Amino acid sequence: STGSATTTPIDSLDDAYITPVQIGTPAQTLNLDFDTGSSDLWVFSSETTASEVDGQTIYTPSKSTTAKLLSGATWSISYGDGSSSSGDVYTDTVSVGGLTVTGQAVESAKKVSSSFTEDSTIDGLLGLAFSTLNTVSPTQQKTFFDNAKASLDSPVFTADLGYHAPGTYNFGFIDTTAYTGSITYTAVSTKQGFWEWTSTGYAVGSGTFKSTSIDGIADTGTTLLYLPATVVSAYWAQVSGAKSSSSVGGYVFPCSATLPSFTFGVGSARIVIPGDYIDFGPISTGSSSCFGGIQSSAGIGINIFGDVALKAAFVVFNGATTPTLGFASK
């Protein structure tokens, strides 16, 4: 089997992407944030504290004839941006782009933190990291991909995120029309539960390529590109006026700038992030100071190839026995 679903930016900055997901019988369609950096599928629901729901579409298990409480199971998760959610667990039928998993753990939120409440466009998350990170207790649960894997034509999914435009998540096949040139595959470590790989280096604008190993994770659920302070300093040094602002919370730059591109290495291949991808607009409405899309990972504890990087590529998440990652230009 295969599935194919369109993923759509939630706003004009590509702050996140939502993908429609069918849950239950009859289908309840919720728009979920596909997150290769976590491993819980959780949803706003009829169980979510009412004051913490503000415009989201909710999953109502009692209206699904295929929903079953997973007795005793609870979940609770905190993300790298400080947001969090928790609740209990159902199993139900979940379909993504025509691909159907029965008995999928659907984690029903009883509580969500304010950033989730305040984002009316995101109805929940669909985790696509390794199931070892799943937070369901006392019985850890499998991701949607893990559950679907054996039924897929090929044990892969691909992320084709758009710049200011819709893109695609495909399951079970590689769309050879969706990229240019060839796909370069690179090794993955699953030791931390992430799609963790080592970039072979970087260049800033038309600058010479610096060969250097950068360990990081391919994370569709993170908006920006977080890299070592040395790298990030070298990038922003090429933008007149750019500076790190502790009060704003990272590198800012004059909105009048033309940003240089940023290239990262995948083995011998190179992915080029156009400078426009790195512009996240005024720090506050009407400001002429703009927020940078490349930020330091110092104090995160890991480098993160988030949407800013991933949207510049066609990305293959290969979940074969030995997982790998593939990157192509597009």
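Look up: the structure comes first, before these words.
The following refers to the structure shown. (Residues numbered from 1 in each chain as written, not as in the entry; some residues may be left out. Heavy atoms only, no water. Residues with missing side-chain atoms left out of burial classes, pairs and counts.)

### Focus on the environment of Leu227
Selection criterion: Put simply, DSSP H or I for four residues or longer makes a helix, DSSP E for two residues or longer makes a strand, and each gets a number counted from the N terminus. For every residue, the accessible area obtained with a 1.4 Å probe (protein chains only) is divided by the maximum for its type, and the residue is called buried under 20%, exposed over 50%, and partly exposed between those limits. Whether two residues are in contact is decided by their heavy atoms, any of which lying within 4.5 Å being enough.
Mapped onto the elements, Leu227 comes out in strand β14 (residues 225-227). By relative accessible area, which is 3% here, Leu227 ends up buried. For the pair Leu227 and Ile294, spaced 67 residues apart in the sequence, the C-alpha separation amounts to 7.4 Å. For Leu227, the contacting residues outside a window of four places in its chain are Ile214, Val232, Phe262, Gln295, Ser296, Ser297, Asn303 and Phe305.

### Some points on the packing of aromatic side chains
This is how the line gets drawn: Under the pairing criterion, centres of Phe, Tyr and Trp rings, with the six-membered ring standing for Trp, must be within 6.5 Å; the plane angle then separates stacked pairs below 30 degrees from edge-to-face pairs above 60, leaving the rest tilted. A ring has a charge above it when a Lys NZ or an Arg CZ is no more than 6 Å from the ring centre and no more than 35 degrees off the ring normal.
A full pass over the atoms with the stated rule returns 26 aromatic pairs. Ring centres of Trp195 and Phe317 lie 5.2 Å apart, and the angle between their planes is 85°; on these two criteria the pair is classed as edge-to-face. Of the two residues, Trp195 sits in the loop between β11 (184-187) and β12 (196-204) while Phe317 sits in strand β23 (residues 314-318), which places them 122 residues apart along the sequence. Per residue, the accessibility class of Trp195 equals that of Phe317, and both read buried. Through pairs of rings, three or more aromatic residues link up here, namely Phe34, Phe130, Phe144, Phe145, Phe157, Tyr169, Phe171, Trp195 and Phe317. The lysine or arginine in question, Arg270, covers the ring of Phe209, its NZ or CZ lying 3.7 Å from the ring centre. The ring centre of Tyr277 lies 6.0 Å from the NZ or CZ of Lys311, which sits over that ring.

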